[PDB]
Amino acid sequence: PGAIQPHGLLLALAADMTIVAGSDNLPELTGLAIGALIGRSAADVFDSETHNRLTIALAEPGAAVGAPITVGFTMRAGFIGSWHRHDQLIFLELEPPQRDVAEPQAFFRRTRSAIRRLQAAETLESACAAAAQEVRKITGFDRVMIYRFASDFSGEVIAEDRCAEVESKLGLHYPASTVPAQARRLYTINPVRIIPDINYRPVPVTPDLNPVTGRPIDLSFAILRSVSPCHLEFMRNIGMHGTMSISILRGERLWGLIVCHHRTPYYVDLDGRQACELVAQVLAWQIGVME
Ligand SMILES: *[C@H](C)[C@H]1/C(=C/c2[nH]c(/C=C3N=C(/C=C4\NC(=O)C(CC)=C4C)C(C)=C\3CCC(=O)O)c(CCC(=O)O)c2C)NC(=O)[C@@H]1C
């Protein structure tokens, strides 16, 4: 155990900013070796401006999450990074700057438009239909659904927008087991979950033992964390190899999910995930007034 999905890098720093852990794909994306970085200082590995951004963000020890940091190394180029504090470690997760031609970009206009359209929705039903259609425009996903939770944590697909070629899931009910209590808990903490490719080979993080708590590294807060085989099989059975879900939060309660599926592996960068997050906040607020 102790692995992530390969579409990014995970570096784990101790509270003092010393590199204590890393995903095995660091030489393949940066050039530097994993062992040639464990025990190394962040001041040596990152450029002066990057180390400054990191130090400034980590100067408040209460702050659990950080806005995207441009991460540049001394041997560089720039990665888009997210940090989280969990299990007494600072997790720095990097998305490579290498954009694919199939992947969407330029989310601003489409997001402003989505929010303009969403505000004009008259009912809870028509706001969820507009949110599904608008998220599909922003992202390019094949199918986008609004999956609402019932009191027993079972859900129903109350809304959906999709490519004509893909099948419908509108009106379908599923047990609470499909999205279990511990998956649901992490969605109240980190609002967007991504699985760009259900057939990924997990990339391990070495060492997989936390050098402070004694206990192995808890990656339950990492964006790149591995997926339970049960969910991967569930997705494979419906023919969707790329997924993304955005929680609809009513306070800390999970009202539902904005579920996105793609037939082939599909990736939405940090910019588009933050754009979708905003749409979900607008939608949750409107659900609150309309309820
Ligand atoms: C395993 C035996 C049981 C199980 C576990 C499981 N599910 C998830 C995560 C998700 N499950 C879904 C559920 C749906 N997706 C949909 O498209 C539909 C309607 C067609 C449903 C009911 C969702 C949206 C997620 C979130 C992840 C994602 O965006 O795809 C987990 C957590 C996996 C993770 O790492 O996030 C687990 C452990 N699923 C089953 O079916 C079994 C009963």
Side-chain angles (χ1 to χ4, degrees), residues 1-8 10 84 86 91 93 128-129 131-132 135-136 138-163 166-203 205 217-232 234-249 254-268 270 272-273 276-277 279-280 283:
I4 69 158
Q5 311 173 57
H7 62 281
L10 186 149
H84 295 233
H86 186 42
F91 293 99
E93 296 183 278
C128 299
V135 169
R136 196 163 89 91
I138 293 166
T139 67
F141 266 106
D142 284 328
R143 179 177 68 214
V144 180
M145 301 160 285
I146 302 298
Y147 185 69
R148 182 187 180 156
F149 288 117
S151 240
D152 64 348
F153 301 104
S154 65
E156 179 204 337
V157 175
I158 70 174
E160 186 199 59
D161 191 52
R162 69 185 150 85
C163 207
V166 327
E167 57 166 331
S168 178
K169 327 291 285 181
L170 200 58
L172 306 188
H173 292 258
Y174 295 84
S177 50
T178 66
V179 196
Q182 269 300 324
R184 293 200 265 102
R185 173 191 174 249
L186 303 174
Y187 309 156
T188 75
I189 310 171
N190 304 128
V192 189
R193 176 59 166 151
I194 45 159
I195 307 170
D197 172 17
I198 71 161
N199 297 326
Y200 77 98
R201 175 166 84 107
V203 173
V205 314
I217 309 191
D218 185 4
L219 302 169
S220 70
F221 276 35
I223 291 170
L224 305 156
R225 76 187 178 272
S226 73
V227 184
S228 64
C230 172
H231 190 244
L232 295 174
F234 174 94
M235 290 312 308
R236 219 176 333 264
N237 293 167
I238 54 180
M240 300 289 186
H241 300 86
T243 88
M244 180 172 88
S245 49
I246 307 121
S247 54
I248 309 167
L249 300 173
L254 201 50
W255 182 96
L257 254 18
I258 304 186
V259 184
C260 313
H261 296 163
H262 212 245
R263 279 164 299 181
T264 65
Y266 200 71
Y267 180 73
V268 171
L270 183 57
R273 302 195 312 259
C276 288
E277 223 299 79
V279 173
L283 171 69

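Numbers for residues simply follow the sequence, beginning at 1. Atoms within a ligand are numbered from 1 in the order they appear, just like the ligands themselves.
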Enumerate the atoms of ligand 1 whose separation from the nearest heavy atom of [X] is less than 4.0 angstrom.
X    : result
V179 : 11 (N), 12 (C), 13 (C), 23 (C)
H261 : 16 (C), 17 (O)
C230 : 1 (C), 2 (C), 3 (C), 4 (C), 5 (C), 39 (N), 40 (C), 42 (C)
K169 : 20 (C)
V227 : 33 (C), 35 (O)
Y187 : 9 (C), 26 (C), 27 (C), 32 (C), 34 (C), 36 (O)

Any donor-acceptor pair under 3.5 Å from [X] side chain to [Y] backbone:
X    : Y    : answer
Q5   : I194 : yes
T139 : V135 : yes
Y266 : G242 : no

N/O to N/O below 3.5 Å, does that happen between [X] and ligand 1?
X    : value
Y147 : no
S245 : yes
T243 : yes

- Query: For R162, which residues count as a salt bridge (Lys or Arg N to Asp or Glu O under 4.0 Å) partner, sequence neighbours excluded?
  - Reply: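 In terms of salt bridge (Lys or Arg N to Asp or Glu O under 4.0 Å), with neighbours along the sequence ignored, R162 is linked to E160.
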- Sequence neighbours excluded, which residues qualify as salt bridge (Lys or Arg N to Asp or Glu O under 4.0 Å) partners of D142?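 With sequence neighbours excluded, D142 shows a salt bridge (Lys or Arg N to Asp or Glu O under 4.0 Å) to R263, given in chain and number order.
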- Message: Measuring from atom 6 (C) of ligand 1, which candidate in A183, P180, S247 has the nearest non-hydrogen atom?
- Response: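 The nearest heavy atom belongs to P180.
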- Out of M145, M244, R193, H231, whose heavy atom is nearest to atom 28 (C) of ligand 1?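 Heavy atom nearest to atom 28 (C) of ligand 1 belongs to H231.
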- Worked verdict on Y200 versus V227 for side-chain contact (heavy atoms from CB on, under 4.5 Å): CA-CA 10 Å; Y200 77 98; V227 184; 3.9 Å; yes
- Do you know which two heavy atoms are closest between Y147 and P175, and how far apart they sit?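 Nearest pair, atom of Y147 first, then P175: OH-O, 4.3 Å.
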- Using a distance-only test with no angle check, is there a side-chain donor-acceptor pair under 3.5 angstrom linking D197 and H7?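 There is no such pair (donor and acceptor under 3.5 Å, judged by atom type) between the side chains of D197 and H7.
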- Query: For ligand 1, does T178 get within less than 4.0 Å through its side chain, its backbone, both, or neither, judged by non-hydrogen atoms?
  - Reply: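 Both the backbone and the side chain of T178 come within reach of ligand 1.
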